[PDB]
> 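Pasting a structure below so you can have a look.
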Amino acid sequence: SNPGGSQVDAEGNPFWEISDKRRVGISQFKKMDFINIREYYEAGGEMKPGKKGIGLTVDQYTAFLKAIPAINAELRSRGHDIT
Amino acid sequence: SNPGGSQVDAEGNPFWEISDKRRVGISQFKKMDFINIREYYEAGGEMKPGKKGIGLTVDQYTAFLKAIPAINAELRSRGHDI
Amino acid sequence: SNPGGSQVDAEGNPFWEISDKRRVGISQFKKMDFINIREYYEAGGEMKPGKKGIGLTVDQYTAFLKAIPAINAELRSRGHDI
Amino acid sequence: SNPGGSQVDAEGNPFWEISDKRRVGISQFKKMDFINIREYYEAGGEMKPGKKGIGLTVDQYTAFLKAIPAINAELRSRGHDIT
DNA sequence: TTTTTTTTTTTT
DNA sequence: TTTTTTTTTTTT
(Lines give C-alpha, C1' and ligand atoms only; values in the text may rest on other atoms or scores of the structure.)
Protein backbone atom coordinates (compact mmCIF):
# COMPACT_ATOMS: atom_id res chain seq x y z
CA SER A 1 0.00 0.00 0.00
CA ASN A 2 0.92 3.68 -0.50
CA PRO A 3 -1.92 6.09 0.38
CA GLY A 4 -1.44 9.66 -0.88
CA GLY A 5 1.38 8.87 -3.32
CA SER A 6 1.77 7.05 -6.63
CA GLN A 7 4.07 5.10 -8.91
CA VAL A 8 6.75 7.04 -10.77
CA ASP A 9 8.34 6.11 -14.10
CA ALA A 10 12.09 6.21 -14.88
CA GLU A 11 11.72 9.81 -16.05
CA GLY A 12 10.41 10.92 -12.64
CA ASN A 13 6.80 11.24 -13.80
CA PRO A 14 3.73 9.95 -11.95
CA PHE A 15 1.53 7.37 -13.64
CA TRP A 16 -1.48 5.18 -12.96
CA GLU A 17 -1.99 1.77 -14.60
CA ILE A 18 -5.07 1.12 -16.71
CA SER A 19 -4.07 -2.31 -18.00
CA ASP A 20 -0.93 -4.42 -17.62
CA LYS A 21 0.54 -2.59 -20.63
CA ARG A 22 -1.23 0.79 -20.55
CA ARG A 23 -0.66 3.85 -18.38
CA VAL A 24 -2.16 7.26 -17.80
CA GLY A 25 0.51 9.68 -16.63
CA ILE A 26 1.40 13.33 -16.36
CA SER A 27 4.48 14.71 -18.06
CA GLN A 28 5.95 18.20 -18.55
CA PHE A 29 7.33 18.80 -22.06
CA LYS A 30 8.40 22.16 -23.52
CA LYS A 31 7.10 23.73 -20.31
CA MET A 32 3.57 22.45 -20.66
CA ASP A 33 1.87 19.58 -18.88
CA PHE A 34 0.42 16.70 -20.83
CA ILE A 35 -1.92 13.94 -19.73
CA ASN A 36 -0.57 10.92 -21.60
CA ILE A 37 -2.71 7.81 -22.19
CA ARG A 38 -0.34 5.35 -23.81
CA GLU A 39 0.83 1.79 -24.46
CA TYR A 40 4.19 0.92 -22.89
CA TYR A 41 6.63 -1.83 -23.85
CA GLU A 42 9.53 -3.47 -22.07
CA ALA A 43 13.00 -3.19 -23.61
CA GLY A 44 16.44 -3.32 -21.99
CA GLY A 45 15.11 -3.72 -18.45
CA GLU A 46 13.05 -0.54 -18.82
CA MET A 47 9.42 0.30 -19.68
CA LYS A 48 9.27 2.66 -22.64
CA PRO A 49 6.40 4.67 -24.18
CA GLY A 50 4.96 3.02 -27.27
CA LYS A 51 3.50 4.59 -30.36
CA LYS A 52 -0.14 3.79 -29.60
CA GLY A 53 -1.50 6.55 -27.36
CA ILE A 54 -2.24 10.23 -27.15
CA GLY A 55 -1.07 13.23 -25.16
CA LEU A 56 -3.81 15.62 -24.03
CA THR A 57 -3.23 19.27 -23.15
CA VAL A 58 -4.77 20.26 -19.81
CA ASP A 59 -7.63 21.96 -21.73
CA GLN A 60 -8.17 18.85 -23.82
CA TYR A 61 -8.24 16.79 -20.63
CA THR A 62 -10.64 19.26 -19.01
CA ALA A 63 -12.91 18.96 -22.06
CA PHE A 64 -12.69 15.18 -21.65
CA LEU A 65 -13.87 15.48 -18.03
CA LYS A 66 -16.90 17.48 -19.22
CA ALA A 67 -17.92 14.59 -21.49
CA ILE A 68 -17.64 11.81 -18.89
CA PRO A 69 -21.25 11.86 -17.64
CA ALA A 70 -22.59 11.49 -21.22
CA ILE A 71 -20.01 8.81 -22.07
CA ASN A 72 -21.05 6.90 -18.96
CA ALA A 73 -24.75 7.09 -19.85
CA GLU A 74 -23.97 5.71 -23.32
CA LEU A 75 -21.92 2.80 -21.92
CA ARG A 76 -24.71 1.88 -19.46
CA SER A 77 -27.16 1.99 -22.36
CA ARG A 78 -24.95 -0.65 -23.99
CA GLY A 79 -25.14 -2.82 -20.86
CA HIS A 80 -22.02 -1.89 -18.90
CA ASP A 81 -21.83 -1.11 -15.16
CA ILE A 82 -20.28 2.35 -14.82
CA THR A 83 -20.43 3.92 -11.34
CA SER B 1 -24.62 24.75 -26.24
CA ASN B 2 -25.60 21.09 -25.90
CA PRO B 3 -24.83 20.05 -22.27
CA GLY B 4 -25.38 16.35 -21.59
CA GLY B 5 -25.85 15.74 -25.31
CA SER B 6 -23.39 14.48 -27.90
CA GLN B 7 -22.63 14.39 -31.56
CA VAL B 8 -23.10 11.47 -33.90
CA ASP B 9 -21.07 10.66 -37.03
CA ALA B 10 -22.38 9.21 -40.31
CA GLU B 11 -21.62 5.72 -38.96
CA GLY B 12 -24.18 6.29 -36.19
CA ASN B 13 -21.52 6.40 -33.50
CA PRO B 14 -21.56 8.99 -30.67
CA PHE B 15 -18.70 11.44 -30.03
CA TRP B 16 -17.73 14.54 -27.99
CA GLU B 17 -15.18 17.14 -29.12
CA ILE B 18 -12.24 17.80 -26.84
CA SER B 19 -10.49 20.08 -29.30
CA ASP B 20 -10.79 21.36 -32.87
CA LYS B 21 -9.64 18.02 -34.35
CA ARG B 22 -9.68 15.66 -31.32
CA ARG B 23 -12.61 13.46 -30.29
CA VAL B 24 -13.48 10.86 -27.69
CA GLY B 25 -15.94 8.43 -29.24
CA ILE B 26 -17.69 5.12 -28.56
CA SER B 27 -17.99 2.36 -31.17
CA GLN B 28 -18.38 -1.42 -31.45
CA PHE B 29 -15.61 -3.63 -32.85
CA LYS B 30 -15.52 -7.45 -32.57
CA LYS B 31 -18.71 -7.13 -30.49
CA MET B 32 -16.90 -5.10 -27.83
CA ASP B 33 -17.33 -1.43 -26.96
CA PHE B 34 -14.27 0.81 -27.30
CA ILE B 35 -13.75 4.37 -26.04
CA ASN B 36 -11.43 6.01 -28.57
CA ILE B 37 -9.64 9.27 -27.77
CA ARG B 38 -8.16 10.14 -31.12
CA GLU B 39 -7.00 12.79 -33.57
CA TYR B 40 -9.19 13.31 -36.69
CA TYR B 41 -8.21 14.58 -40.14
CA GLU B 42 -9.94 15.83 -43.30
CA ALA B 43 -10.24 13.89 -46.54
CA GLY B 44 -12.71 14.50 -49.35
CA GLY B 45 -14.79 16.78 -47.15
CA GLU B 46 -14.98 14.06 -44.51
CA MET B 47 -13.47 13.83 -41.03
CA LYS B 48 -11.68 10.50 -40.62
CA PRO B 49 -10.04 8.72 -37.64
CA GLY B 50 -6.26 9.24 -37.64
CA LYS B 51 -3.22 7.27 -36.46
CA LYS B 52 -2.60 9.23 -33.24
CA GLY B 53 -4.85 8.13 -30.41
CA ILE B 54 -5.87 5.10 -28.41
CA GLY B 55 -8.91 2.82 -28.04
CA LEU B 56 -9.74 1.81 -24.46
CA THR B 57 -11.78 -1.23 -23.49
CA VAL B 58 -14.53 -0.50 -20.98
CA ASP B 59 -12.44 -1.98 -18.15
CA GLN B 60 -9.56 0.34 -19.13
CA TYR B 61 -11.89 3.32 -19.27
CA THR B 62 -13.18 2.59 -15.75
CA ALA B 63 -9.60 2.19 -14.51
CA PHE B 64 -8.94 5.65 -15.93
CA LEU B 65 -12.07 6.89 -14.12
CA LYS B 66 -10.60 5.66 -10.83
CA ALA B 67 -7.33 7.59 -11.43
CA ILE B 68 -9.03 10.93 -12.13
CA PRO B 69 -8.95 12.32 -8.59
CA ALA B 70 -5.21 11.60 -8.30
CA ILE B 71 -4.60 13.02 -11.81
CA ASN B 72 -6.61 16.10 -10.89
CA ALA B 73 -4.73 16.52 -7.63
CA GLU B 74 -1.37 16.31 -9.41
CA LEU B 75 -2.42 18.87 -12.02
CA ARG B 76 -3.63 21.23 -9.27
CA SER B 77 -0.23 20.75 -7.61
CA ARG B 78 1.35 21.86 -10.89
CA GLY B 79 -0.82 25.00 -10.78
CA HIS B 80 -3.82 24.16 -12.98
CA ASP B 81 -7.50 24.69 -12.08
CA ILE B 82 -9.71 21.60 -12.33
CA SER C 1 -18.75 -23.46 -64.33
CA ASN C 2 -16.83 -20.19 -64.02
CA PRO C 3 -13.11 -21.02 -64.60
CA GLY C 4 -10.79 -18.05 -64.08
CA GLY C 5 -13.67 -16.04 -62.64
CA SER C 6 -14.64 -15.41 -59.04
CA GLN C 7 -17.47 -14.46 -56.78
CA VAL C 8 -18.03 -11.12 -55.15
CA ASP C 9 -19.77 -10.42 -51.82
CA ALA C 10 -22.05 -7.48 -50.98
CA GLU C 11 -18.99 -5.57 -49.73
CA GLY C 12 -17.56 -5.68 -53.26
CA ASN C 13 -14.77 -8.05 -52.25
CA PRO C 14 -13.75 -11.05 -54.41
CA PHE C 15 -13.82 -14.66 -53.16
CA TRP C 16 -13.48 -18.30 -54.31
CA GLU C 17 -15.17 -21.26 -52.60
CA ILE C 18 -12.95 -24.06 -51.37
CA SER C 19 -15.77 -25.90 -49.63
CA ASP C 20 -19.45 -25.52 -48.76
CA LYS C 21 -18.72 -22.96 -46.02
CA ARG C 22 -15.02 -22.13 -46.55
CA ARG C 23 -13.69 -19.26 -48.68
CA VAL C 24 -10.41 -17.66 -49.63
CA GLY C 25 -11.02 -13.95 -50.17
CA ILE C 26 -9.16 -10.69 -50.77
CA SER C 27 -9.99 -7.46 -48.94
CA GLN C 28 -8.39 -4.19 -47.83
CA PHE C 29 -7.81 -3.36 -44.16
CA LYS C 30 -5.62 -0.49 -42.88
CA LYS C 31 -4.77 0.16 -46.55
CA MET C 32 -3.18 -3.29 -46.90
CA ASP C 33 -4.41 -6.26 -48.91
CA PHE C 34 -5.16 -9.47 -46.99
CA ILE C 35 -5.80 -12.97 -48.33
CA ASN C 36 -8.22 -14.57 -45.87
CA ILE C 37 -8.81 -18.33 -45.85
CA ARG C 38 -11.71 -18.61 -43.47
CA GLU C 39 -14.83 -20.45 -42.35
CA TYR C 40 -18.18 -18.66 -43.00
CA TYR C 41 -21.48 -18.98 -41.12
CA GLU C 42 -25.12 -17.99 -41.62
CA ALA C 43 -26.90 -15.19 -39.79
CA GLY C 44 -30.10 -13.44 -40.83
CA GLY C 45 -29.89 -14.94 -44.31
CA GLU C 46 -26.36 -13.62 -44.67
CA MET C 47 -23.01 -15.40 -44.85
CA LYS C 48 -20.58 -13.83 -42.39
CA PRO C 49 -16.83 -14.29 -41.71
CA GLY C 50 -16.25 -16.61 -38.75
CA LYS C 51 -13.59 -17.02 -36.05
CA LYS C 52 -11.77 -19.99 -37.60
CA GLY C 53 -9.35 -18.95 -40.33
CA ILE C 54 -6.38 -16.74 -41.00
CA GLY C 55 -5.59 -13.52 -42.91
CA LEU C 56 -2.29 -13.53 -44.80
CA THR C 57 -0.40 -10.44 -45.87
CA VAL C 58 0.70 -10.49 -49.50
CA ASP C 59 4.29 -11.35 -48.48
CA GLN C 60 2.93 -14.31 -46.46
CA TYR C 61 0.78 -15.42 -49.37
CA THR C 62 3.79 -15.41 -51.71
CA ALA C 63 5.83 -17.34 -49.14
CA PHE C 64 3.03 -19.92 -49.17
CA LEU C 65 3.21 -19.94 -52.99
CA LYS C 66 6.89 -20.85 -52.77
CA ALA C 67 6.15 -23.82 -50.46
CA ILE C 68 3.49 -25.36 -52.72
CA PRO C 69 5.75 -27.71 -54.67
CA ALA C 70 7.19 -29.14 -51.44
CA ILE C 71 3.69 -29.37 -49.89
CA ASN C 72 2.44 -31.08 -53.03
CA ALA C 73 5.36 -33.50 -53.03
CA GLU C 74 4.73 -34.43 -49.38
CA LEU C 75 1.02 -35.01 -50.01
CA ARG C 76 1.84 -37.21 -53.03
CA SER C 77 4.22 -39.13 -50.76
CA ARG C 78 1.29 -39.68 -48.40
CA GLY C 79 -0.70 -41.09 -51.33
CA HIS C 80 -2.77 -38.14 -52.58
CA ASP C 81 -3.12 -37.01 -56.22
CA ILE C 82 -2.25 -33.35 -56.88
CA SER D 1 21.15 -25.51 -46.71
CA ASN D 2 19.07 -28.71 -47.00
CA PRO D 3 17.95 -29.46 -50.57
CA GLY D 4 15.19 -32.09 -50.86
CA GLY D 5 14.19 -32.06 -47.18
CA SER D 6 12.45 -29.68 -44.79
CA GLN D 7 12.06 -28.52 -41.20
CA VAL D 8 10.13 -30.77 -38.85
CA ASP D 9 8.18 -29.70 -35.75
CA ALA D 10 8.32 -31.41 -32.33
CA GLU D 11 5.44 -33.66 -33.37
CA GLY D 12 7.42 -35.05 -36.33
CA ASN D 13 5.48 -33.07 -38.94
CA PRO D 14 7.00 -31.12 -41.85
CA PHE D 15 6.41 -27.38 -42.05
CA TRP D 16 7.42 -24.36 -44.10
CA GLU D 17 7.67 -20.85 -42.63
CA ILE D 18 5.55 -18.04 -44.05
CA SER D 19 6.44 -15.40 -41.47
CA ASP D 20 8.54 -15.46 -38.30
CA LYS D 21 5.43 -16.62 -36.39
CA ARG D 22 3.38 -18.41 -39.07
CA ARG D 23 3.76 -21.86 -40.60
CA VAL D 24 2.17 -23.99 -43.27
CA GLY D 25 2.52 -27.66 -42.40
CA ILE D 26 1.09 -31.09 -43.03
CA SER D 27 -0.34 -33.15 -40.21
CA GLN D 28 -2.19 -36.48 -39.98
CA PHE D 29 -5.11 -36.45 -37.51
CA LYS D 30 -7.79 -39.14 -37.15
CA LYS D 31 -6.22 -40.83 -40.17
CA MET D 32 -6.64 -37.90 -42.51
CA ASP D 33 -4.09 -35.38 -43.71
CA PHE D 34 -4.56 -31.70 -43.07
CA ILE D 35 -2.77 -28.71 -44.54
CA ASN D 36 -2.49 -26.38 -41.57
CA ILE D 37 -1.87 -22.63 -42.01
CA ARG D 38 -1.44 -21.33 -38.49
CA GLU D 39 0.08 -18.90 -36.00
CA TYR D 40 2.58 -20.45 -33.59
CA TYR D 41 3.73 -19.19 -30.20
CA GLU D 42 6.70 -19.99 -27.99
CA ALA D 43 6.05 -21.44 -24.53
CA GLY D 44 8.22 -23.65 -22.33
CA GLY D 45 11.08 -23.88 -24.84
CA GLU D 46 8.70 -25.21 -27.49
CA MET D 47 6.74 -23.74 -30.42
CA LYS D 48 3.04 -24.50 -30.07
CA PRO D 49 0.10 -24.10 -32.49
CA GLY D 50 -1.95 -20.99 -31.77
CA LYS D 51 -5.65 -20.42 -32.19
CA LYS D 52 -5.43 -18.20 -35.27
CA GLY D 53 -5.27 -20.46 -38.32
CA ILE D 54 -7.13 -23.06 -40.30
CA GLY D 55 -6.73 -26.72 -41.23
CA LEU D 56 -7.62 -27.60 -44.83
CA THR D 57 -8.62 -31.07 -45.98
CA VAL D 58 -6.69 -32.23 -49.06
CA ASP D 59 -9.78 -31.45 -51.19
CA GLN D 60 -10.06 -28.00 -49.66
CA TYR D 61 -6.38 -27.44 -50.40
CA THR D 62 -6.82 -28.74 -53.95
CA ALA D 63 -9.71 -26.28 -54.41
CA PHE D 64 -7.41 -23.56 -53.10
CA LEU D 65 -4.81 -24.44 -55.75
CA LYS D 66 -7.49 -24.07 -58.44
CA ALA D 67 -8.14 -20.49 -57.31
CA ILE D 68 -4.51 -19.34 -57.25
CA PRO D 69 -4.30 -17.97 -60.81
CA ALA D 70 -7.38 -15.76 -60.24
CA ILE D 71 -6.15 -14.67 -56.80
CA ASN D 72 -2.83 -13.70 -58.36
CA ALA D 73 -4.50 -11.67 -61.11
CA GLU D 74 -6.51 -9.78 -58.48
CA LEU D 75 -3.40 -9.01 -56.38
CA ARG D 76 -1.52 -7.72 -59.45
CA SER D 77 -4.53 -5.56 -60.27
CA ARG D 78 -4.05 -4.03 -56.81
CA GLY D 79 -0.39 -3.30 -57.57
CA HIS D 80 1.47 -6.30 -56.15
CA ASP D 81 4.22 -8.30 -57.89
CA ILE D 82 3.10 -11.94 -57.95
CA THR D 83 5.16 -14.30 -60.12
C1' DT E 1 -17.83 -12.95 -26.95
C1' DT E 2 -17.58 -15.62 -35.20
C1' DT E 3 -12.12 -11.59 -40.89
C1' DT E 4 -7.82 -8.64 -41.95
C1' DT E 5 0.20 -8.41 -40.03
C1' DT E 6 4.75 -6.86 -38.71
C1' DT E 7 7.84 -3.62 -37.12
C1' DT E 8 8.65 0.06 -34.31
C1' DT E 9 7.58 2.41 -30.41
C1' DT E 10 5.43 10.00 -25.94
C1' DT E 11 4.02 14.72 -24.96
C1' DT E 12 -0.61 20.76 -28.42
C1' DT F 1 1.34 3.08 -45.35
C1' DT F 2 -4.12 7.91 -40.63
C1' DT F 3 -9.67 3.91 -35.01
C1' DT F 4 -11.10 -0.23 -31.99
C1' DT F 5 -7.82 -5.15 -26.24
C1' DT F 6 -6.49 -9.14 -23.56
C1' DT F 7 -6.13 -13.81 -22.80
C1' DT F 8 -5.47 -18.10 -24.62
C1' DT F 9 -3.67 -20.76 -28.02
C1' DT F 10 -4.29 -27.20 -34.37
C1' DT F 11 -6.19 -30.54 -37.59
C1' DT F 12 -13.17 -31.76 -42.03
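The chains referred to below are lettered A, B, ... by the order of the sequence lines, with proteins before strands, and numbering in each begins at 1. For the numbers below, each heavy atom of this structure counts, side chains included, while hydrogens, waters and symmetry mates do not.
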> If you draw a 6.0 Å radius around CG in B:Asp81, do more than 12 non-hydrogen atoms from other residues or ligands fall strictly inside?
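At most 12 heavy atoms, drawn from other residues, nucleotides or ligands, come within 6.0 Å of this atom.
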> Using OP1 and OP2 only, check whether a side-chain N or O of A:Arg23 sits under 4.0 Å from E:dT10.
no
> If you find the nucleotide of DNA chain E closest to A:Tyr41 and the one closest to B:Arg22, which residue's nucleotide is nearer the 5' end?
A:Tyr41
> Just wondering, are more than 12 heavy atoms of other shown residues or ligands nearer than 6.0 Å to CD in B:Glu46?
no
> So, for B:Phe29 and B:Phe34, which heavy atoms are closest and what is the spacing to 0.1 Å?
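Looking at all heavy atoms of both residues, the closest pair is O-CE1, 3.2 Å.
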> Do you know the tightest heavy-atom contact between A:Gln60 and A:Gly55?
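Here A:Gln60 and A:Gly55 meet closest at OE1-O, 3.9 Å.
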> Of the non-hydrogen atoms in C:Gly53 and C:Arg38, which two are nearest, and what is the gap between them?
C-NH2, 3.6 Å
> Between D:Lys52 and F:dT8, is there a side-chain N or O to OP1/OP2 distance below 4.0 Å?
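For F:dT8, neither OP1 nor OP2 has a side-chain N or O of D:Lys52 closer than 4.0 Å.
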> For B:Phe64, give me all partners under ring pair (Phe, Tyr, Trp, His ring centres under 6.0 Å), at least two apart in sequence or on another chain.
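B:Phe64 satisfies ring pair (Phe, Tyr, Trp, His ring centres under 6.0 Å) with A:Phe64 only.
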> Under 4.0 Å between any heavy atoms, over every strand shown, what does D:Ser19 touch: base, sugar-phosphate, or nothing? Just pick one.
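Sugar-phosphate: the residue D:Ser19, judged by heavy atoms under 4.0 Å, touches backbone atoms but no base.
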> Side-chain N or O of A:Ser27 versus OP1/OP2 of E:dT10: is the shortest distance under 4.0 Å?
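So the side-chain polar atoms of A:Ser27 never come under 4.0 Å of the phosphate oxygens OP1 or OP2 of E:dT10.
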> Going by the rule salt bridge (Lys or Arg N to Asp or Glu O under 4.0 Å), which residues pair with D:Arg23 if we only count those two or more places apart in sequence or in a different chain?
none
> Can you list, in residue-number order, the parts of residues 32-39 of chain A that come under 4.0 Å of DNA chain E, counting heavy atoms only?
A:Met32, A:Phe34, A:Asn36, A:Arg38
> D:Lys30 side chain: which of F:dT12, F:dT10, E:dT3 is closest?
F:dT12
> Nearest to the side chain of A:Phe29, heavy atoms from C-beta on, is which of F:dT9, E:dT12, E:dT10?
E:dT12
> So what is the 5' to 3' dot-bracket string for DNA chain E, if pairs are Watson-Crick or G-U wobble with both distances under 3.5 Å, crossing pairs use [ ] and | means the partner sits on another strand?
............
> Start at the 5' end of DNA chain E and walk down; is the nucleotide closest to A:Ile54 or to C:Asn13 reached first?
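The 5'-side residue here is C:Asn13.
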> Could you pull out all donor-acceptor pairs under 3.5 Å where a side-chain atom in residues 9-18 of chain D meets a protein atom, sequence neighbours excluded?
{"unit_1": "D:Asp9", "atom_1": "OD1", "unit_2": "D:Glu11", "atom_2": "N", "d": "2.9"}
{"unit_1": "D:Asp9", "atom_1": "OD1", "unit_2": "D:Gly12", "atom_2": "N", "d": "3.2"}
{"unit_1": "D:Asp9", "atom_1": "OD1", "unit_2": "D:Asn13", "atom_2": "N", "d": "3.0"}

> For D:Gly50, answer base if it contacts any base atom (sugar-phosphate contacts may also be present), sugar-phosphate if it contacts only those atoms, and nothing otherwise; contact means non-hydrogen atoms under 4.0 Å.
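Base contact.
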> Does a side-chain N or O of B:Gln60 approach OP1 or OP2 of F:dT4 to a distance below 4.0 Å, or not?
no
> So, under a plain 3.5 Å distance rule, would you say the side chain of B:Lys48 forms a donor-acceptor pair with the base of F:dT2?
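Checked by distance alone, the answer is no.
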> Considering only residues two or more places apart or on different chains, which pairs with a residue in residues 26-35 of chain A satisfy side-chain hydrogen bond (donor to acceptor under 3.5 Å, both in side chains)?
A:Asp33-B:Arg78, A:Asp33-B:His80
> Taking atom P in both F:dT4 and E:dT11, compute the distance separating them and give it to the nearest angstrom.
16 Å
